Structures are given as C-alpha cells and as structure tokens.
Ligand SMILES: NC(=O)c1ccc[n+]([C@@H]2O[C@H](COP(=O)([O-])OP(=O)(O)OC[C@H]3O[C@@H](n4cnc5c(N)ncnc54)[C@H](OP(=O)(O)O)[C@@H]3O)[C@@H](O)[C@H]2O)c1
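In the block that follows, a single chain appears as structure tokens, in the form deposited without the named molecule.
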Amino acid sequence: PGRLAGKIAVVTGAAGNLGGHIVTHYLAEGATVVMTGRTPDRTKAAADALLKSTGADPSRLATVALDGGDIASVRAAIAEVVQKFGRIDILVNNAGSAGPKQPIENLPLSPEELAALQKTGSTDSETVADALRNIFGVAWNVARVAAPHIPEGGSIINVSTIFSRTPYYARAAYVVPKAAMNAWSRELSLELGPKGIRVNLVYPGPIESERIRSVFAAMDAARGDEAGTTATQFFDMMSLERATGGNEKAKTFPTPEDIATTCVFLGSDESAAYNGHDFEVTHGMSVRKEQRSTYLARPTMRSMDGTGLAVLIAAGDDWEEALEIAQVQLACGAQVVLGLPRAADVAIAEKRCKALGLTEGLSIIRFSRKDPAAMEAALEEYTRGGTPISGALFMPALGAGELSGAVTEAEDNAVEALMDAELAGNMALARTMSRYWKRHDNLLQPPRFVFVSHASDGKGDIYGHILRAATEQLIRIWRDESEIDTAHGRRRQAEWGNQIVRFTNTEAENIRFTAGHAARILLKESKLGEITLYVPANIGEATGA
C-alpha cells in the first residue's frame, strides 16, 4: 500500500543529488511530494525528469519556489502547498549550498570581496552570510513556517552532513552553518515534541559518486597533500567495510540510496517513538557529539605569566563584563586591548577605568566585528606600539538575552541577528586574527584564541546551544587549517584555541572563574586537546575552593 501511503511530503533542495533520490523513494512508497527550489525552471526540469523515471501520476508531484533568508518567499511557498494539499505530514529540510571554498584566512564577507574572488576564476558564488542563509536560514525558516500546518504524529527530517563534526579544509563557510543547524534541530525537537511533531537529524557521510574521489584529490592538491589524504582520512574514521555497486568489500562511501531509505523510515509512522535523534549514515565514522570537558580545578595564575604578551578582547554590548575579564589578564602581567563595538562605550569605559586606575597596560579602542576593514586597521594601529597581539578572547556580539524566543515563534529579526551579529561575526573575528598571525608570525608564544559563551539566560539557553555548537566546529576547522598550513611551511606558528561555556553555572564567581581560565589558555604555554570547556554547576564543590 506504500510505507508513506496518503502522506503529503515537502522536500527542499529536491533538484540536488540526495533530493532526487528522496523524491524517488517517497513516490515509490506512495507519498504526494512537493519539491522546493530557488530557480523554478531548475526545479521544474527536475520534477519532469522524475516524472519520466518514476511513472508516478503528475497529481502526486508538484513544485514550489522558495528562498531561505527571504521569509516572504517561504510564507508564499508553504501557503501554496497548504492551499494545494491542506497539510504537511513530512518536512525534509534538504536545501543547502556549498558556500565559498576558502580557508578561514580568505573568507569573502562583503559582495566586493566575492566579486574579487570570481576574478581568480574561483567557482564561489556566495558570501559567508549567503551560505548562512542558504544552509541554516532555509531550515530555520521553512520549519517555523511549516510547523503550524504539520499535524500531530508529523515528521521533520533535518539533513546535515558528517562534515559538520570533522575537519574539512577550506569549508568553514559550509560546516559551521551545518553545526549551527545540528543544535537548532535539537532545540526544535524540544519545542515541537510536546505538540506530537518528531524532529530528527540525518548525518550523511561522504556520498558515493563518480565525482567525489576527484573532488577529494583536488582538495589534496589545494593544500599541498598527496592525492588520497582526504579520502583516506574519512576511511580511517569508518569501522564498516561494504561491497557497493558490484565492487568487493572495501572502505567506501554510503550511497544516496542509503540516505533516501533512512528518509523513508523517518517519514513513515515506523519511527513515531524517535525525537531529537541522530541518524549517522556514515559506515560507522568515529567522531564525538562534543569534544568537551568540565573545569575540575580553580584557575591558578602567577603575576609574571603575561610579560611581553598582549591579549585582544572583542567585547559585545556589555563592556562592563569584558573589562572584568580584561582585569584578570592585566593581573597576569599581559597588556590588554579592550575592543568595544560602539564608540559611545569607549568614552564611558575609558573614564570609568581612570576611576579604577587601570591605565597600566590597558588600551580601549572601537572594535566592531561588523567592520572587518576597521578591525584590521585597529590591530595595525595598536601593533605600531611594537607589542604584537599574541592572544585573542572573543565575547558574543549581542547583549545577554537580546536573542530570545522559541525558534518557531521568535521573530524575523531572531534568525537575522543570530546569523549576522553572532554566526557571521565569529567568522569575521576568525578571518581577522588568522590574517593578523599570518603577518605577525614570530610571537613570543604560538598564538591562542578563546571564544566565551554568554552566562545563562535562565530560559534553556536556546541561543547559547546553537552558537556553542557552531563555535566548536569553527574552532575544529581553524585548528586543523592552521596545523596543515604550518606542517607545509605556509605558517611558522600554528594557531590553537578553545571555547569556554559559562551557561552551565549561575554562581556569582562565574565571570572571575571564566576569566581566570581564559588567562591560562592565553598566557600559559599549553595545548588543551578538548575544544569546549564547561564551568561546573558548583565551583566550590567541583574544585578545591
């Protein structure tokens, strides 16, 4: 009768390789399928080819024009589906893009920089911000606009990629948005579950194709590694050998068909007990959900730790917080550049710092991550003093609780602020310090960055989690690009760093503790293996204090 018999399915990016196989399996198992694309001729041609290959009645397959990041297009597209079919039973969030293929040091942020890249005959067609709208934006918008029209026992399937959890050289523009979705998918599962709507996350592995081994070879060449380094890295992660396509049992890639059959399982009522569950179609690739640890010790720190070192702090709206962290760095003997986003806050803070007598080693400047050009100039200007920045601490852009609301009800500005102020900003900070330590490649200690989360919003920390996941993958990509670049001699000093999550602790001592542990990563000579480090829920009990 069909495993999806009498179900209305919406598949985003339905014209892609996975899209086509999903629509195929879905029409086979009896669903009515609505295909989504940005380009109505591309998505119509795909539907016509599917109609011929499938034999399906044209009544069972329609198409709709959708652009993630244009909520108006998403609203018109879902309304058309609803007017046409009256409900959505299965949403497959499959739509994505490759984004720009540049190491962090060379990401295009402005449209003029993207144009600049298209003169090098690069195939890049997207800003970091376009990539975010096309990978993370689509899933967020289409899910929120569709959720009201999905009944009890409905199924949302969010298509990520295993690469969101692994090193992938020159692909931060693609993987960090996917890692952002990963965490959003979980938050959406918590909100829609009580309504009886299941949210599940598919992580396909590298997908078998005639192209993939060439594409991995071209990646090998672009970073000066021998043909097969990339493919071999992913095979060594896999625990399962398989006979695919008539070939013998080997290290090989899961197929598009593997992804489609998982999407049938999850769309069918056979998966009704699954919520916020991960489906890793990877031949057993060994990765962790989170490379992480809690701090089991009080930060211990000497006064002569920081001599000759300069820490940059990229503060957000709450400068008062950033300055308390600045103080602990000054106590460890280092110089501090406190970078405040509004010039307003420079005046207020520079004065309120004379009040506290902090002028010995502290300079306070305008530093806005929305203006990477100005950011660059400001570091050139500071370094003219003759002490190079050896360490960077990044704080979130927006004030505590500025980001707020359920992910589905929360306004047009919610996803736009998260994408623009925090996710895009994290990339601009990363590119800026990546370019700086390229030029100043002879530091007293190899350079170190620390990203810091907000304190708890006491509301489940929805945005704390999305950013924590995204930051973590941005660090793993940044560590790995810098390690390969160094090993090949394109850099003298390899860049290393961590994330500190504050929002697991709501104690008064949280910031001085967080600040103390930032000083240890920035000023001591150390390599902390784990990317994300959590403040324990009770610092007294957790440590000796």
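Start at 1 with the first residue shown and count on from there.
Stretches 305-313 and 162-170 differ in mean C-alpha B factor, with the higher average recorded for 305-313. Look at the mean CA B-factor for 241-249 and for 381-389 in the entry; the higher one is 381-389. The PDB entry assigns its highest CA temperature factor, among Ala487, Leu61, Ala515, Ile500, to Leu61. Sorting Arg435, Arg369, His277, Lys289 by the CA temperature factor given in the entry leaves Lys289 at the top. Remark: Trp140 belongs to the middle third of its chain, ranked by C-alpha B-factor as recorded. When the modelled residues of the chain are ordered by their C-alpha B factor, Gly425 lands in the lowest third. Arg133 sits in the middle third of its chain by CA B factor, as recorded in the PDB entry. Sort the modelled residues of the chain by CA B factor and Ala222 lands in the highest third. Among the modelled residues of its chain, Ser110 has a C-alpha B-factor that falls in the highest third according to the deposited record.
Below: the form solved in complex with the named molecule, not depicted.
Only one segment in the set 93-101, 231-239, 189-197, 116-124 has residues whose heavy atoms sit within 4.5 Å of the named molecule in the deposited complex; it is 93-101. By the criterion of a heavy atom within 4.5 Å, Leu18 is counted among the residues contacting the named molecule in the deposited complex. With a 4.5 Å cutoff on heavy atoms, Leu66 counts as touching the named molecule in the deposited complex.
Among heavy atoms of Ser53, none comes within 4.5 Å of the named molecule in the deposited complex. At the 4.5 Å threshold, heavy atoms of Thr39 reach the named molecule in the deposited complex.
None of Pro108, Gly205, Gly316, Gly306 but one reaches within 4.5 angstroms of the named molecule in the deposited complex through a heavy atom, and that residue is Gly205. Interface residue among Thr262, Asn134, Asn141, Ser390, judged by heavy atoms within 4.5 Å of the named molecule in the deposited complex: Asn134. Residues of 152-166 lying near the named molecule in the deposited complex, listed in sequence order, are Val159, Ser160, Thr161, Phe163, the criterion being any heavy atom within 4.5 Å.
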